[PDB]
Amino acid sequence: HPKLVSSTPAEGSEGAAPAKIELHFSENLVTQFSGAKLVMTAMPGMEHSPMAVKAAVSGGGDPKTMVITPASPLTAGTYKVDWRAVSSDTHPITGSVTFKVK
Ligand SMILES: [Cu+2]
Ligand SMILES: [Cu+2]
Ligand SMILES: [Cu+2]
C-alpha cells in the first residue's frame, strides 16, 4: 500500500505561502483514482471553520508525486490537504497533511 513518504510543505511546518503543494508517495499512483482536497481550517483573528480552497490537483512527472496548485496564492492561516492514494490492485489509502501559512 502507498504511504506518504514526504511533502512540501511538510507536516506541522510553518512558513511562507507555497506556490504549489507536492505529496510524494512510496508507490506509483493510478491518476484517475487518486486525488486530494485542500482546506483552510483557520485564519488569523477568526474562529476555526473548515472551508474548501479552490485548487487543481494533478500528478507530477513522477507517478509517485501528487501536485496540488491553489487557484490563487494562499493567505495566512492553517491548512490541511486530505489526499487519496490508489496504486494498482490496491485498496485506497487516505491521510491528511496540515501546515500553517504566515
Ligand atoms: Cu479561507
Ligand atoms: Cu475568516
Ligand atoms: Cu489493502
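Both counts, for ligands and for their atoms, begin at 1 and track the order of listing. Values reported hereafter were calculated over all heavy atoms of this structure, with side chains retained and with hydrogens, waters and symmetry mates removed. The first residue of the sequence shown is numbered 1, and numbering continues consecutively from there.
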Side chain to side chain, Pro92 and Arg84, heavy atoms closer than 4.5 Å: no
Check whether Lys64 reaches the backbone of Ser26 with its side chain - one donor and one acceptor, N or O, closer than 3.5 Å. yes
What are the protein N/O/S atoms, named by residue and atom, that sit under 2.8 Å from the Cu ion (ligand 3)? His1 NE2, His91 ND1
Of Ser88, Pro63, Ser87, the one forming a side chain to side chain contact (heavy atoms under 4.5 Å, CB included) with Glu27 is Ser87
Cluster partners of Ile93, using ILVMFWY side-chain heavy atoms under 4.5 angstrom, listed by chain and number? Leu4, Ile21, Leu23, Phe25, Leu29, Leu38, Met40, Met43, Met46, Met51, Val53, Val57, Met66, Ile68, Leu74, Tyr79, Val81, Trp83, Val97, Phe99, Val101
Spacing of OG1 belonging to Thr41 relative to NZ belonging to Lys80, to within rounding of 0.5 Å: 7.5 Å
Side chain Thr65, main chain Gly60, donor-acceptor under 3.5 Å: no
From CD (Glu14) to OG1 (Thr78), nearest 0.5 Å: 8.0 Å
Going by chain and residue number, what protein N/O/S atoms come nearer than 2.8 Å to the Cu ion (ligand 2)? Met43 SD, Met46 SD
Side chain proximity check, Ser6 to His24, heavy atoms < 4.5 angstrom: yes
The side-chain hydrogen bond (donor to acceptor under 3.5 Å, both in side chains) partners of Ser96 (sequence neighbours excluded) come to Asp82
